[PDB]
Amino acid sequence: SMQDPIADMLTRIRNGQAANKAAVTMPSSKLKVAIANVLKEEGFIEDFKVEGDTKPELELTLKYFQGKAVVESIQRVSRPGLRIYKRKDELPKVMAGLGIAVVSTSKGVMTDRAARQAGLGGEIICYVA
Amino acid sequence: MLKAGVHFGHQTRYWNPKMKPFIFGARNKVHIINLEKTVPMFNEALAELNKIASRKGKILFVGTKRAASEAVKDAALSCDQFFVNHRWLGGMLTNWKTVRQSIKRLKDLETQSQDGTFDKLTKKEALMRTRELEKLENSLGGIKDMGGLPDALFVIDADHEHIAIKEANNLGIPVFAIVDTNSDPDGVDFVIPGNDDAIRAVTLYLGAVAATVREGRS
Amino acid sequence: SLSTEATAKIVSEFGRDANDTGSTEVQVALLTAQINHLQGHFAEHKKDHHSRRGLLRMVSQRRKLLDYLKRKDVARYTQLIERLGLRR
RNA sequence: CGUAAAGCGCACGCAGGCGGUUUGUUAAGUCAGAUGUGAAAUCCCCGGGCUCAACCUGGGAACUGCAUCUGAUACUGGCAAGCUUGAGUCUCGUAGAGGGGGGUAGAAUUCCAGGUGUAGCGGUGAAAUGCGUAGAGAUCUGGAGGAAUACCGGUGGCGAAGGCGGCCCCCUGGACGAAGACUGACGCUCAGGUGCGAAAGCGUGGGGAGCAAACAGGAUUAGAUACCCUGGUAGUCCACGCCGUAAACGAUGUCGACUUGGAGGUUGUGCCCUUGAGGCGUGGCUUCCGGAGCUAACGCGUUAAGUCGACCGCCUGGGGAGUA
Ligand SMILES: [Mg+2]
Ligand SMILES: [Mg+2]
Ligand SMILES: [Mg+2]
Ligand SMILES: [Mg+2]
Ligand SMILES: [Mg+2]
Ligand SMILES: [Mg+2]
Ligand SMILES: [Mg+2]
Ligand SMILES: [Mg+2]
Ligand SMILES: [Mg+2]
Ligand SMILES: [Mg+2]
Ligand SMILES: [Mg+2]
Ligand SMILES: [Mg+2]
Ligand SMILES: [Mg+2]
Ligand SMILES: [Mg+2]
Ligand SMILES: [Mg+2]
Ligand SMILES: [Mg+2]
Ligand SMILES: [Mg+2]
Ligand SMILES: [Mg+2]
Ligand SMILES: [Mg+2]
């Protein structure tokens, strides 16, 4: 049941990507957006798009580089059944450094590179590479 | 733009999802391919085709079916080009080194047709040895001499030539091929949409390919 | 499963107006209705085990709906159970 | 946790876990900093002293912890007020062996009665036991009784599972579709709990045609407590109440979101000179095949065994034992 939408984002992506699907859409939200941001700003998607008002619609443009899909993997990490939180010094780094981790903090949804510089930490939403 | 008079498209259901991007069909229980997307695939097609033919063209106009076999042993055959117009004896590329002597027996025989022993032995052996040579001739004509290793490959019907193409893929050989609405692409590097078993889209492109190897750098 | 005449009657006895059909109180009442109607069907028969499943559904549906209201507007809840006559 | 150990036979639901979307507020979870504390020894790093080493020792580092104060507000939790797609309610229809009750029909069997008719019938691999001269079987006619519903009938349909097939009425559950109208997160799951649950079996009463555990007879066999035959009691049927198990199986828990296709079956509904017995769409359910992908493999494959999330149940070598 709708229960975890953030996995649904992470997933609709993972799926559509593997389906060499040009775009992909879904119900939006403050939260979905903050991440669609980091995803773009880190260059895993071409560009997003929210086209509604009462029933908003997040839309992401996917990317394919060589023949592959750019996003080689995208997992949840925190989730309703089991919340994760890491302090700053205990923040994770994906693929040794390549690829990234999306961490929400008292100063907004930002990557691990980011939050690590910001000198803080929060709930580690998901891993991307 | 178009030049294919009536090859439009072809092939009904039996379609391959992956061949959607080159379809705009929907005429009476059969797809017409996207004519206006096939020609931008003569661009690139005969291009890297010729771009190597001047670098020196070694080809393999591979295409079979008792219904277009002879129309492949043609100007396709004639030029800077080799060919196969019958049963693609499997492993003929991947096992050339075994098959290399399936050749020695063709020559060492015909070279001896109006030469060597011939009208002699028995008039049993006679056509009872030209059967040895007739058999060899088709499937192992075009091969005859391979002077310059199989270099690109041009095939009439992608999947009908399962094996051929696969072998290429295995050996790193460009594979230029036309692919019907039904056939799997992706086995083909330089993919050519449109009908692949009608007397025209053959000859046309076929004969049109013969016209670009046969001339590149004088 | 209850009449259009009858169901209508009660929407019009409980809601703001006919049309205010999906109001908590209305649902509850038109359920409550079918429940009590039914009490006499299963009075005889009794071995109508299958139909019974539907009846419990009605009760457990109503039960959750009644639970909702209470949390929402407690004031509306009490009126309801009084007027409908249950929750001894 | 399909087939190897492992999805409770099925459902409803309390507690519990989890929960769409918006704004404000809170600052508990979370995060930040500061302060204090975290005994010494030990461990570790760099040294120092015993001829080396073990050993001894200086000094650091570390003790990943806890508390207090002040801050940060994205996420989670709390409070508030909303929102409409999640979930319900409402309207007209549709298909259905979904359930409960009552009524009724034809075909056959067995039996009873009678016509005709006469020496066999019946049964097996072969036999015999059995049945017939008190007239059998055969045939025809009338009647009694119980039990099940041929044809339709179909990888057809309904139900949560069990499981539900003549016809008719009455009572009743669910599912689906088309329009818009109403409620406004009312939801998902669910240990405990409660209900349901084939066949057999038990209890009191009925009921008894056919079938048939037990039992009896006849055979077969080396034996034959069997398979076969002639008989046949419980039972199989009805009401009421028990029992609570099945290879109760898709051997696959429930809900939701996402992901190439192909040929059917079944059931709604929109549009098209209805001008074709159709033409093009658009839902529900269903069968076969097959792509990615998944698998130990077989195989599964938009009805997942693929990709993800919420919750529950269960597994941890065979035997012993689902026993004590
Ligand atoms: Mg097992
Ligand atoms: Mg089960
Ligand atoms: Mg939310
Ligand atoms: Mg210490
Ligand atoms: Mg020393
Ligand atoms: Mg909040
Ligand atoms: Mg009779
Ligand atoms: Mg009679
Ligand atoms: Mg109904
Ligand atoms: Mg029971
Ligand atoms: Mg029974
Ligand atoms: Mg009894
Ligand atoms: Mg017997
Ligand atoms: Mg059991
Ligand atoms: Mg089954
Ligand atoms: Mg399959
Ligand atoms: Mg399908
Ligand atoms: Mg699954
Ligand atoms: Mg026991």
# chains A, B, ... in the order shown; residues from 1 in each chain; ligands from 1
call {"tool": "select_by_dssp", "arguments": {"residues": "stretch 10-82 of chain C", "states": "alpha helix (DSSP H)", "output": "ChimeraX atom specification"}}
result
/C:10-14,24-38,49-72,74-82
call {"tool": "interface_residues", "arguments": {"of": "chain A", "to": "chain D", "cutoff": "7 Å", "atoms": "only C-alpha atoms (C1' of nucleotides)", "output": "list in words"}}
result
residues 1, 2, 3, 4, 7, 8, 11, 12, 15, 16, 19, 80, 81, 85, 87, 104, 105, 106, 107, 108, 109, 120, 121, 122 and 123 of chain A
call {"tool": "residues_around", "arguments": {"residues": "residue C:9", "least_positions_apart": "3", "cutoff": "12 Å", "atoms": "only C-alpha atoms (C1' of nucleotides)", "output": "list in words"}}
result
residues 2, 3, 4, 5, 6, 12, 13, 14, 15, 17, 18, 19, 21, 26, 29, 30 and 33 of chain C
call {"tool": "write_last_selection", "arguments": {"atoms": "N, CA, C and O atoms", "output": "tab-separated table (two decimals), in the first residue's frame"}}
result
chain	number	residue	atom	x	y	z
C	2	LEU	N	-31.85	-3.99	0.78
C	2	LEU	CA	-32.48	-2.73	1.18
C	2	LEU	C	-33.01	-2.02	-0.07
C	2	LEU	O	-32.50	-2.24	-1.17
C	3	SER	N	-34.04	-1.19	0.09
C	3	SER	CA	-34.68	-0.54	-1.05
C	3	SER	C	-34.12	0.84	-1.35
C	3	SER	O	-33.53	1.49	-0.49
C	4	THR	N	-34.33	1.29	-2.59
C	4	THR	CA	-33.96	2.64	-2.99
C	4	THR	C	-34.83	3.63	-2.24
C	4	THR	O	-34.36	4.67	-1.77
C	5	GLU	N	-36.11	3.30	-2.14
C	5	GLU	CA	-37.03	4.10	-1.36
C	5	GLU	C	-36.52	4.20	0.08
C	5	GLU	O	-36.42	5.29	0.64
C	6	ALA	N	-36.18	3.05	0.65
C	6	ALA	CA	-35.79	2.98	2.06
C	6	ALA	C	-34.44	3.65	2.30
C	6	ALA	O	-34.29	4.43	3.24
C	12	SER	N	-32.01	10.99	3.78
C	12	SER	CA	-32.81	12.20	3.94
C	12	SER	C	-33.24	12.40	5.38
C	12	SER	O	-33.77	13.45	5.72
C	13	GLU	N	-33.02	11.39	6.22
C	13	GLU	CA	-33.27	11.52	7.65
C	13	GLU	C	-31.99	11.82	8.43
C	13	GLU	O	-32.06	12.26	9.58
C	14	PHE	N	-30.84	11.60	7.82
C	14	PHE	CA	-29.57	11.70	8.55
C	14	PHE	C	-28.58	12.73	8.01
C	14	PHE	O	-27.97	13.46	8.80
C	15	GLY	N	-28.43	12.80	6.69
C	15	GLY	CA	-27.47	13.71	6.09
C	15	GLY	C	-27.90	15.17	6.11
C	15	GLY	O	-28.86	15.54	6.79
C	17	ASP	N	-28.75	16.51	3.27
C	17	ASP	CA	-29.80	16.41	2.26
C	17	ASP	C	-29.54	15.17	1.43
C	17	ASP	O	-28.44	14.63	1.45
C	18	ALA	N	-30.56	14.69	0.72
C	18	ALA	CA	-30.33	13.65	-0.27
C	18	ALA	C	-29.20	14.18	-1.13
C	18	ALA	O	-29.21	15.34	-1.50
C	19	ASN	N	-28.21	13.33	-1.42
C	19	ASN	CA	-26.96	13.74	-2.07
C	19	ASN	C	-25.79	13.68	-1.10
C	19	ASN	O	-24.72	13.16	-1.44
C	21	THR	N	-24.67	11.71	0.62
C	21	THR	CA	-24.90	10.28	0.75
C	21	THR	C	-23.78	9.63	1.56
C	21	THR	O	-24.02	8.75	2.38
C	26	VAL	N	-24.74	8.81	7.79
C	26	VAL	CA	-25.68	8.22	6.86
C	26	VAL	C	-25.29	6.77	6.60
C	26	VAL	O	-26.08	5.86	6.86
C	29	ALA	N	-26.07	4.59	9.45
C	29	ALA	CA	-27.50	4.36	9.63
C	29	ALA	C	-28.06	3.40	8.60
C	29	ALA	O	-28.90	2.56	8.93
C	30	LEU	N	-27.62	3.49	7.35
C	30	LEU	CA	-28.19	2.61	6.33
C	30	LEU	C	-27.59	1.21	6.44
C	30	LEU	O	-28.22	0.24	6.02
C	33	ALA	N	-29.42	-0.19	9.48
C	33	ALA	CA	-30.71	-0.60	8.95
C	33	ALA	C	-30.64	-2.04	8.44
C	33	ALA	O	-31.36	-2.91	8.93
call {"tool": "residues_near_ligand", "arguments": {"ligand": "ligand 19", "cutoff": "12 Å", "atoms": "only C-alpha atoms (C1' of nucleotides) and all ligand atoms", "output": "PDB file with N, CA and C atoms (P, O5', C5', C4', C3', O3' and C1' of nucleotides), in the first residue's frame"}}
result
ATOM      1  P     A D 321       9.366 -41.518  18.025  1.00  0.00           P
ATOM      2  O5'   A D 321       8.908 -40.532  16.875  1.00  0.00           O
ATOM      3  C5'   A D 321       7.530 -40.281  16.649  1.00  0.00           C
ATOM      4  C4'   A D 321       7.304 -38.872  16.174  1.00  0.00           C
ATOM      5  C3'   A D 321       8.040 -38.497  14.888  1.00  0.00           C
ATOM      6  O3'   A D 321       7.226 -37.621  14.124  1.00  0.00           O
ATOM      7  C1'   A D 321       8.642 -37.003  16.591  1.00  0.00           C
ATOM      8  P     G D 322       6.494 -38.152  12.800  1.00  0.00           P
ATOM      9  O5'   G D 322       5.617 -36.908  12.358  1.00  0.00           O
ATOM     10  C5'   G D 322       4.359 -36.645  12.962  1.00  0.00           C
ATOM     11  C4'   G D 322       4.498 -36.144  14.377  1.00  0.00           C
ATOM     12  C3'   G D 322       3.167 -35.869  15.077  1.00  0.00           C
ATOM     13  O3'   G D 322       3.331 -36.142  16.468  1.00  0.00           O
ATOM     14  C1'   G D 322       4.435 -33.921  15.111  1.00  0.00           C
ATOM     15  P     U D 323       2.139 -36.769  17.330  1.00  0.00           P
ATOM     16  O5'   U D 323       2.886 -37.679  18.401  1.00  0.00           O
ATOM     17  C5'   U D 323       3.159 -39.047  18.148  1.00  0.00           C
ATOM     18  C4'   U D 323       4.295 -39.525  19.010  1.00  0.00           C
ATOM     19  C3'   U D 323       4.206 -39.126  20.470  1.00  0.00           C
ATOM     20  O3'   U D 323       3.398 -40.007  21.218  1.00  0.00           O
ATOM     21  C1'   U D 323       6.346 -38.597  19.645  1.00  0.00           C
ATOM     22  P     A D 324       2.352 -39.416  22.272  1.00  0.00           P
ATOM     23  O5'   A D 324       3.240 -39.237  23.582  1.00  0.00           O
ATOM     24  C5'   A D 324       4.128 -40.265  23.973  1.00  0.00           C
ATOM     25  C4'   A D 324       5.174 -39.784  24.944  1.00  0.00           C
ATOM     26  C3'   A D 324       4.697 -38.948  26.118  1.00  0.00           C
ATOM     27  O3'   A D 324       4.109 -39.721  27.147  1.00  0.00           O
ATOM     28  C1'   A D 324       6.639 -37.980  25.194  1.00  0.00           C
TER      29        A D 324
END
call {"tool": "residues_near_ligand", "arguments": {"ligand": "ligand 8", "cutoff": "9 Å", "atoms": "only C-alpha atoms (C1' of nucleotides) and all ligand atoms", "output": "list in words"}}
result
residues 141, 142 and 143 of chain D
call {"tool": "residues_near_ligand", "arguments": {"ligand": "ligand 9", "cutoff": "10 Å", "atoms": "only C-alpha atoms (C1' of nucleotides) and all ligand atoms", "output": "PDB file with N, CA and C atoms (P, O5', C5', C4', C3', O3' and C1' of nucleotides), in the first residue's frame"}}
result
ATOM      1  N   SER C   1     -30.848  -5.667  -1.416  1.00  0.00           N
ATOM      2  CA  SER C   1     -30.131  -5.413  -0.167  1.00  0.00           C
ATOM      3  C   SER C   1     -30.569  -4.067   0.417  1.00  0.00           C
TER       4      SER C   1
ATOM      5  P     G D  98     -23.553 -20.105  -8.879  1.00  0.00           P
ATOM      6  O5'   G D  98     -23.334 -20.354  -7.312  1.00  0.00           O
ATOM      7  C5'   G D  98     -22.067 -20.755  -6.804  1.00  0.00           C
ATOM      8  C4'   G D  98     -21.724 -20.100  -5.485  1.00  0.00           C
ATOM      9  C3'   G D  98     -22.692 -20.332  -4.337  1.00  0.00           C
ATOM     10  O3'   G D  98     -22.561 -21.605  -3.738  1.00  0.00           O
ATOM     11  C1'   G D  98     -22.188 -18.051  -4.433  1.00  0.00           C
ATOM     12  P     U D 172     -34.272 -10.234   1.477  1.00  0.00           P
ATOM     13  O5'   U D 172     -32.795 -10.820   1.440  1.00  0.00           O
ATOM     14  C5'   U D 172     -32.124 -11.153   2.643  1.00  0.00           C
ATOM     15  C4'   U D 172     -30.832 -11.879   2.384  1.00  0.00           C
ATOM     16  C3'   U D 172     -29.831 -11.160   1.502  1.00  0.00           C
ATOM     17  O3'   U D 172     -29.161 -10.117   2.189  1.00  0.00           O
ATOM     18  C1'   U D 172     -29.927 -13.461   0.921  1.00  0.00           C
ATOM     19  P     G D 173     -28.203  -9.098   1.404  1.00  0.00           P
ATOM     20  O5'   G D 173     -26.870  -9.939   1.170  1.00  0.00           O
ATOM     21  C5'   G D 173     -26.105 -10.364   2.286  1.00  0.00           C
ATOM     22  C4'   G D 173     -24.832 -11.069   1.890  1.00  0.00           C
ATOM     23  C3'   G D 173     -23.943 -10.357   0.895  1.00  0.00           C
ATOM     24  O3'   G D 173     -23.237  -9.258   1.434  1.00  0.00           O
ATOM     25  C1'   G D 173     -24.092 -12.606   0.289  1.00  0.00           C
ATOM     26  P     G D 174     -23.038  -7.953   0.521  1.00  0.00           P
ATOM     27  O5'   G D 174     -21.868  -8.372  -0.466  1.00  0.00           O
ATOM     28  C5'   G D 174     -20.616  -8.777   0.052  1.00  0.00           C
ATOM     29  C4'   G D 174     -19.860  -9.608  -0.946  1.00  0.00           C
ATOM     30  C3'   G D 174     -19.400  -8.891  -2.200  1.00  0.00           C
ATOM     31  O3'   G D 174     -18.224  -8.128  -1.987  1.00  0.00           O
ATOM     32  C1'   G D 174     -20.358 -10.975  -2.778  1.00  0.00           C
ATOM     33  P     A D 175     -17.915  -6.845  -2.899  1.00  0.00           P
ATOM     34  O5'   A D 175     -17.707  -7.460  -4.348  1.00  0.00           O
ATOM     35  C5'   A D 175     -16.573  -8.266  -4.618  1.00  0.00           C
ATOM     36  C4'   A D 175     -16.571  -8.749  -6.043  1.00  0.00           C
ATOM     37  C3'   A D 175     -16.573  -7.671  -7.111  1.00  0.00           C
ATOM     38  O3'   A D 175     -15.296  -7.103  -7.331  1.00  0.00           O
ATOM     39  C1'   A D 175     -18.189  -9.299  -7.646  1.00  0.00           C
TER      40        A D 175
END
call {"tool": "residues_around", "arguments": {"residues": "residue D:239", "least_positions_apart": "2", "cutoff": "12 Å", "atoms": "only C-alpha atoms (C1' of nucleotides)", "output": "list in words"}}
result
residues 204, 205, 206, 207, 237 and 241 of chain D
call {"tool": "closest_atom_pairs", "arguments": {"of": "chain B", "to": "chain D", "cutoff": "10 Å", "atoms": "only C-alpha atoms (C1' of nucleotides)", "output": "tab-separated table"}}
result
residue	atom	partner	partner_atom	distance
B:13	CA	D:262	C1'	7.7
B:14	CA	D:262	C1'	7.4
B:15	CA	D:261	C1'	8.4
B:16	CA	D:261	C1'	7.5
B:17	CA	D:260	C1'	5.8
B:18	CA	D:260	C1'	7.4
call {"tool": "atom_distance", "arguments": {"atom1": "atom CA of residue A:62", "atom2": "atom CA of residue A:30"}}
result
20.2 Å
call {"tool": "decode", "arguments": {"residues": "stretch 88-122 of chain B", "atoms": "N, CA and C atoms", "output": "mmCIF file, in the first residue's frame"}}
result
data_model
loop_
_atom_site.group_PDB
_atom_site.id
_atom_site.type_symbol
_atom_site.label_atom_id
_atom_site.label_comp_id
_atom_site.auth_asym_id
_atom_site.auth_seq_id
_atom_site.Cartn_x
_atom_site.Cartn_y
_atom_site.Cartn_z
ATOM 1 N N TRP B 88 23.659 -21.780 -44.491
ATOM 2 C CA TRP B 88 24.873 -21.240 -43.889
ATOM 3 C C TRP B 88 25.562 -22.287 -43.017
ATOM 4 N N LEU B 89 26.319 -23.176 -43.653
ATOM 5 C CA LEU B 89 27.070 -24.205 -42.943
ATOM 6 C C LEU B 89 27.659 -23.616 -41.656
ATOM 7 N N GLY B 90 27.039 -23.948 -40.524
ATOM 8 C CA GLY B 90 27.350 -23.328 -39.244
ATOM 9 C C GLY B 90 28.776 -23.525 -38.776
ATOM 10 N N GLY B 91 29.346 -22.464 -38.215
ATOM 11 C CA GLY B 91 30.736 -22.455 -37.788
ATOM 12 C C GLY B 91 31.692 -22.170 -38.931
ATOM 13 N N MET B 92 31.145 -21.725 -40.059
ATOM 14 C CA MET B 92 31.936 -21.462 -41.260
ATOM 15 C C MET B 92 32.856 -20.253 -41.091
ATOM 16 N N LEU B 93 32.534 -19.393 -40.132
ATOM 17 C CA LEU B 93 33.411 -18.289 -39.768
ATOM 18 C C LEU B 93 34.192 -18.697 -38.537
ATOM 19 N N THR B 94 33.452 -19.102 -37.513
ATOM 20 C CA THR B 94 34.016 -19.394 -36.204
ATOM 21 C C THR B 94 34.918 -20.617 -36.272
ATOM 22 N N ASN B 95 34.739 -21.402 -37.328
ATOM 23 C CA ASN B 95 35.553 -22.579 -37.559
ATOM 24 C C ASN B 95 36.169 -22.527 -38.955
ATOM 25 N N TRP B 96 36.391 -21.323 -39.481
ATOM 26 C CA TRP B 96 36.977 -21.183 -40.813
ATOM 27 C C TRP B 96 38.162 -22.138 -40.917
ATOM 28 N N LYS B 97 38.988 -22.162 -39.876
ATOM 29 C CA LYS B 97 40.194 -22.981 -39.879
ATOM 30 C C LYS B 97 39.872 -24.457 -40.129
ATOM 31 N N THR B 98 38.644 -24.849 -39.808
ATOM 32 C CA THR B 98 38.093 -26.137 -40.223
ATOM 33 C C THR B 98 36.934 -25.853 -41.162
ATOM 34 N N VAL B 99 37.193 -25.966 -42.457
ATOM 35 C CA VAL B 99 36.324 -25.419 -43.492
ATOM 36 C C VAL B 99 37.268 -24.812 -44.514
ATOM 37 N N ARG B 100 38.402 -24.341 -44.011
ATOM 38 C CA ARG B 100 39.487 -23.885 -44.853
ATOM 39 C C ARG B 100 39.885 -24.983 -45.833
ATOM 40 N N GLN B 101 39.703 -26.244 -45.441
ATOM 41 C CA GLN B 101 40.049 -27.365 -46.317
ATOM 42 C C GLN B 101 38.817 -27.953 -47.004
ATOM 43 N N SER B 102 37.638 -27.574 -46.530
ATOM 44 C CA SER B 102 36.424 -27.817 -47.293
ATOM 45 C C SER B 102 36.568 -27.045 -48.600
ATOM 46 N N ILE B 103 37.506 -26.100 -48.600
ATOM 47 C CA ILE B 103 37.834 -25.312 -49.778
ATOM 48 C C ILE B 103 38.827 -26.062 -50.652
ATOM 49 N N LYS B 104 39.929 -26.493 -50.050
ATOM 50 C CA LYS B 104 40.954 -27.201 -50.799
ATOM 51 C C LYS B 104 40.342 -28.310 -51.649
ATOM 52 N N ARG B 105 39.258 -28.909 -51.169
ATOM 53 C CA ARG B 105 38.621 -29.989 -51.910
ATOM 54 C C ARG B 105 37.754 -29.461 -53.049
ATOM 55 N N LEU B 106 37.228 -28.249 -52.911
ATOM 56 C CA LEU B 106 36.449 -27.665 -53.996
ATOM 57 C C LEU B 106 37.363 -27.408 -55.183
ATOM 58 N N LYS B 107 38.419 -26.632 -54.956
ATOM 59 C CA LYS B 107 39.417 -26.361 -55.986
ATOM 60 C C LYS B 107 40.065 -27.659 -56.449
ATOM 61 N N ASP B 108 40.953 -28.203 -55.625
ATOM 62 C CA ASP B 108 41.568 -29.500 -55.897
ATOM 63 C C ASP B 108 40.497 -30.504 -56.332
ATOM 64 N N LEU B 109 39.899 -30.252 -57.495
ATOM 65 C CA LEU B 109 38.716 -30.978 -57.950
ATOM 66 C C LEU B 109 38.202 -30.306 -59.214
ATOM 67 N N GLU B 110 37.710 -29.076 -59.077
ATOM 68 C CA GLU B 110 37.356 -28.279 -60.247
ATOM 69 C C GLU B 110 38.642 -27.910 -60.985
ATOM 70 N N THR B 111 39.641 -27.467 -60.232
ATOM 71 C CA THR B 111 40.996 -27.376 -60.751
ATOM 72 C C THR B 111 41.429 -28.802 -61.030
ATOM 73 N N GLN B 112 40.949 -29.342 -62.148
ATOM 74 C CA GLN B 112 40.855 -30.787 -62.356
ATOM 75 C C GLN B 112 39.475 -31.123 -62.939
ATOM 76 N N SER B 113 38.707 -30.091 -63.286
ATOM 77 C CA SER B 113 37.378 -30.268 -63.862
ATOM 78 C C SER B 113 37.502 -30.459 -65.369
ATOM 79 N N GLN B 114 38.079 -29.468 -66.048
ATOM 80 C CA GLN B 114 38.510 -29.648 -67.434
ATOM 81 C C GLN B 114 40.031 -29.833 -67.457
ATOM 82 N N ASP B 115 40.586 -30.146 -66.284
ATOM 83 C CA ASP B 115 42.004 -30.457 -66.126
ATOM 84 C C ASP B 115 42.156 -31.839 -65.482
ATOM 85 N N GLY B 116 43.326 -32.087 -64.894
ATOM 86 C CA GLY B 116 43.585 -33.283 -64.105
ATOM 87 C C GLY B 116 42.933 -34.560 -64.601
ATOM 88 N N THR B 117 42.811 -35.537 -63.706
ATOM 89 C CA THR B 117 41.956 -36.685 -63.960
ATOM 90 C C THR B 117 40.558 -36.104 -64.082
ATOM 91 N N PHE B 118 39.678 -36.770 -64.823
ATOM 92 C CA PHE B 118 38.322 -36.262 -65.010
ATOM 93 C C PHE B 118 37.452 -37.172 -65.879
ATOM 94 N N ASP B 119 37.618 -37.099 -67.197
ATOM 95 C CA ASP B 119 36.872 -37.958 -68.104
ATOM 96 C C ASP B 119 37.325 -39.397 -67.922
ATOM 97 N N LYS B 120 38.383 -39.578 -67.139
ATOM 98 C CA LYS B 120 38.923 -40.903 -66.875
ATOM 99 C C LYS B 120 38.136 -41.632 -65.774
ATOM 100 N N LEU B 121 38.821 -42.042 -64.706
ATOM 101 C CA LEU B 121 38.333 -43.095 -63.809
ATOM 102 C C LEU B 121 37.154 -43.867 -64.425
ATOM 103 N N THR B 122 36.013 -43.917 -63.742
ATOM 104 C CA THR B 122 34.844 -44.606 -64.278
ATOM 105 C C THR B 122 33.829 -43.545 -64.665
#
